[PDB]
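Colleague: how would this look folded up:
(3 chains)
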Amino acid sequence: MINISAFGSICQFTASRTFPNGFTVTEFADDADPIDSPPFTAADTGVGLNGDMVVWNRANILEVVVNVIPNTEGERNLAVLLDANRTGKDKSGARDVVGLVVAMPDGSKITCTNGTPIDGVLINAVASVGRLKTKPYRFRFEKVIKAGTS
Amino acid sequence: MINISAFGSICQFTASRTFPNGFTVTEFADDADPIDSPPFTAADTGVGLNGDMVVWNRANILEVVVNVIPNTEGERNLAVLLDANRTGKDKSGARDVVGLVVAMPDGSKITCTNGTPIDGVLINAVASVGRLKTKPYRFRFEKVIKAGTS
Amino acid sequence: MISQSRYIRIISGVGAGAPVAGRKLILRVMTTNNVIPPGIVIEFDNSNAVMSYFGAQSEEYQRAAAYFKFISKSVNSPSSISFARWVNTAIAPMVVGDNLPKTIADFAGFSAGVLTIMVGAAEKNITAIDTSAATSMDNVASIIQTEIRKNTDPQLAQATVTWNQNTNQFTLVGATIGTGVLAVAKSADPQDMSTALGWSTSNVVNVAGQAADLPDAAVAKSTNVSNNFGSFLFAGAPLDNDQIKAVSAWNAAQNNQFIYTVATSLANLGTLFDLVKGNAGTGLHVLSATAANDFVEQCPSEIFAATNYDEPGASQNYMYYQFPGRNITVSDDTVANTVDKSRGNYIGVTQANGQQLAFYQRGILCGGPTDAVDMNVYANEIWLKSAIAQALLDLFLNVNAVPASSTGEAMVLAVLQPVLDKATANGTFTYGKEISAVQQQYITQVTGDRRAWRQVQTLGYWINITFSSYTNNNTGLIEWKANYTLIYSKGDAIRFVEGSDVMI
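Modeller: Numbering: from 1, shown residues only, chains lettered A, B, ... in the order given. Have a look at this structure:
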């Protein structure tokens, strides 16, 4: 199945401290991208004097942006995880490790680990008409693994 | 109630010096976003030589942008608060703490405390046709607390 | 005046009290002494505990439980042991009760005591036991058993109550072998000794009498009692070679969860090797034919209980260790090589610019076709199955059942994967490896896609879960079950160095 659809996706999350054997995220946004990732770097080139290209394999960590419909069970769990990890005044933040597994409907699974939350809105923003604005969340994982085909 | 509407929202503001037992703002703008919040940071990552991901849980303070309809009781109170807080020539600014409670219709309430005004317009701008331009106000709060589900 | 010890207590001296105890995959000892009831497992946590419960001179505390002295390569020591019964003979009833140290001061007013026995159809009215003026618990036992023997029931024809002071246990055995379904009935008086002996509280099971299940099935019942283990010694007298082969083959069929050990002296190696070659992984070791002051097979049993499998720095190659207080079973080159090719860990000796060294030479298990064939590698497989099964058990206790479509694989994989992160940052897996044609084809055809051999070549593993429909013994409804396949990357460790010093 080389099919281009992803309707049927899911995002398993596990936090070592906050959500051991964690939750399901399945209510992704409709206007913004459900799952997005900024382009990896994985290398960097520099040209010498006579044309000798020098290739550097810079170590880097991938990123994921998940847009979710706000005030929802998966979304409330995500906000709880972020608020646990975030650091403010008089509150204690649990530095944990999160792991995200996407099982796209075609069968392939992508699992990313040794990560942590990197953003969040923390307040349910209201759009002009009255609809809630879709809430994005960004994680930066250390290791990525692809398992399963078709 | 897991719906996406927010019509019926209310902004209970309390200022320690200017508006103890303060006011309510309900006449939000129609074109701009009634309540907006820039994305929180809550963490920041780097990558070592061999791939060791490194996390810092940077402390940060959340932000809110409220757009209100020009020359109304709520926004007049808001401008009174901001003018009390702002600093100019020959006037004395009251360094107070503010607290904003949003009670969205679905039941959940978000309360932010230990804040201060961060911007304002101070003059009712006039748009092209003659309509007064919607006034945005920005606050940066220290502690955010979410209470109530459905 | 109120003492300072009410507020601040500086307990001087050698106060100690390290709370860092917690290394699983513990040693099991299948002993023959009937001090342990045959069918339950007691998890001792110190040599002091084994000295307390078991005999002070028994091999269970002297031979075994001296493995708590083992100092691992870094700092660690074992901190837990388990024991079980071999089930030597045909079982007679051995109703055991109340490890509590009840004293004769409690039974100092039990004249003409009423100790009723509920044998089901043979509920008896045994009375007239004088303990208000007795001579210690062990001769309270005599009065009790004689008052049983007044009743001419064939089961209670020659009753036998024992008082073991090490355990402080009252054990009613009885007489009729073959079938021993017994219990104890409760009476109502100060003279009554049913719950005073602790024979009716909760500390009795029945110890029902059956026939002997000597080599294998006893270990199966012991495992059914507690899956918390890593290796079972099966101590005592040396077992028969055929029953040894059966013991090895049973948990070769189990494959997972166990490394098991065989104690034999020299010149038994060829025959034992012929019987037990293959059969997953078993530790055969040469015993010193002179003495037995070393517990020999405790070499795998000690290191395994000191790895701690949570901090980076696991795996130890299991060969170059420095076991003290042990006897050199092999001290000749030809003897060392002849012991080899028949497996056998000979804890030999050498010399290097003086000194004498020691070593626990060789860590090949038996294996040979496809198995781990190495105690380090097999050890890591054992604890991988342990951690993965524990993670799945916690997943299922948290929320029961996983939607077996495509999200069930998501929860299963997401719970399993922190275990894999621990494995990668433990030394069990390996970043590199150069999966070649044979390994490429094998990885491709087991379950993985054409491009799965790449991932093992660069990351170390490839884990994927499918779901399979199966039918059970009685369940007419076709049940569904998970299937995770995970590709271990092994990992080498040098054991020989060859130099070529030139130009002198």
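Colleague: Which residue ranges of chain A form strands?
Modeller: A:11-15, A:24-25, A:35-36, A:44-47, A:53-56, A:63-68, A:98-103, A:109-115, A:135-140, A:143-147 (DSSP state E).
Colleague: Now do the contacts for the closest residue to residue C:90 other than its chain neighbours.
Modeller: Excluding its sequence neighbours, the residue lying closest to residue C:90 (CB to CB, 6 or more residues apart in numbering or on different chains) is residue C:211, at 4.7 Å. Heads up, the C-betas are built off the backbone N, CA and C, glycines and all. For residue C:211, the contacting residues are C:90, C:91, C:178, by CB atoms under 8 Å, 6 or more residues apart in numbering or on different chains.
Colleague: check contacts around the residue nearest the centre of chain A.
Modeller: Chain A has residue A:64 as the residue nearest its centroid, 3.3 Å off, counting by CA atoms, centre = their mean. Residues near residue A:64 by CB under 8 Å, 6+ apart: A:35, A:36, A:37, A:100, A:112, A:138, A:139, A:140, A:141.
Colleague: Is it bridged to anything, and to what?
Modeller: residue A:139 (DSSP bridges).
Colleague: quick one: it from chain C, how far?
Modeller: Residue A:64 sits 14 Å away from chain C, going by CB to the nearest CB, to the nearest Å.
Colleague: Residue A:142 now?
Modeller: 9 Å.
Colleague: Test my guess that that residue contacts residue A:111.
Modeller: No - taking CB atoms under 8 Å as the definition, residue A:142 is not a contact partner of residue A:111, at 11.9 Å.
Colleague: Which residue of the chain lies farthest from its centroid?
Modeller: Assuming you mean chain A. Most peripheral residue of chain A (CA atoms, centre = their mean): residue A:50, 42.7 Å.
Colleague: how about residue 148, what does it touch?
Modeller: Unless you meant another one, I'm taking chain A. Contacts of residue A:148 by CB under 8 Å, 6+ apart are A:107, A:108, A:109, C:409, C:449, C:464.
Colleague: my bad, chain C
Modeller: Applying CB under 8 Å, 6+ apart to residue C:148 gives the contacts C:115, C:117, C:124, C:126, C:156, C:159.
Colleague: element containing it?
Modeller: helix C:136-150 (DSSP states H and E).
Colleague: buried residues in that helix?
Modeller: C:137, C:140, C:141, C:143, C:144, C:145, C:147, C:148, C:149 (16 or more other CB atoms under 10 Å in any protein chain shown).
Colleague: element containing the closest residue to the first one other than its chain neighbours, please.
Modeller: Meaning residue C:137. Among residues not flanking residue C:137 along the chain, residue C:163 sits closest, at 3.9 Å (CB to CB, 6+ apart). Using DSSP H and E, residue C:163 sits in strand C:161-164.
Colleague: Now do that strand: distance to the chain's middle.
Modeller: Remark: strand C:161-164 is offset 27 Å from the chain centroid, using CA atoms, centre = their mean, to the nearest Å.
Colleague: re earlier: would you mind confirming that the residue nearest to residue C:137 makes contact with residue C:172?
Modeller: No - taking CB under 8 Å as the definition, residue C:163 is not a contact partner of residue C:172, at 10.9 Å.
Colleague: quick one: the strands in chain C?
Modeller: C:27-31, C:42-44, C:81-85, C:95-97, C:161-164, C:169-172, C:231-232, C:259-265, C:282-287, C:463-470, C:479-486.
Colleague: now those in a markdown table, with distance to residue A:94 and mean neighbour count?
Modeller: Listed next are those as a markdown table, based on distance: least, CB to CB, whole Å; neighbours: other CB atoms under 10 Å in any protein chain shown:
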| stretch | distance to residue A:94 | mean neighbour count |
| --- | --- | --- |
| strand C:27-31 | 36 | 24 |
| strand C:42-44 | 32 | 19 |
| strand C:81-85 | 35 | 24 |
| strand C:95-97 | 47 | 25 |
| strand C:161-164 | 50 | 20 |
| strand C:169-172 | 47 | 25 |
| strand C:231-232 | 36 | 24 |
| strand C:259-265 | 37 | 22 |
| strand C:282-287 | 43 | 24 |
| strand C:463-470 | 27 | 16 |
| strand C:479-486 | 29 | 14 |
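Colleague: In chain C, what residue comes closest to chain B?
Modeller: residue C:431 (9.7 Å; CB to the nearest CB).
Colleague: Which residues are in contact with that residue?
Modeller: Counted by CB under 8 Å, 6+ apart, residue C:431 has contacts C:458, C:459, C:460.
Colleague: Residue C:54 too?
Modeller: Counted by CB under 8 Å, 6+ apart, residue C:54 has contacts C:33, C:35, C:36, C:60, C:61, C:83, C:166.
Colleague: Once you drop chain neighbours, what's closest to it?
Modeller: residue C:60 is the one closest to residue C:54 (CB to CB, 6+ apart), at 4.2 Å.
Colleague: If you tally nearby residues, what's the number for that neighbour?
Modeller: Look at residue C:60: counted by other CB atoms under 10 Å in any protein chain shown, it has 24 neighbours.
Colleague: Tell me the spacing between the single nearest residue of the stretch 151-300 of chain C relative to chain A and residue C:454.
Modeller: Across the stretch 151-300 of chain C, the shortest distance to chain A (CB to the nearest CB) belongs to residue C:227, at 19.8 Å. Computed with CB to CB, to the nearest Å, the distance linking residue C:227 and residue C:454 is 36 Å.
Colleague: Those two: which has the busier surroundings?
Modeller: Each of residue C:227 and residue C:454 has its neighbours counted (other CB under 10 Å); residue C:454 has more, 16 against 11.
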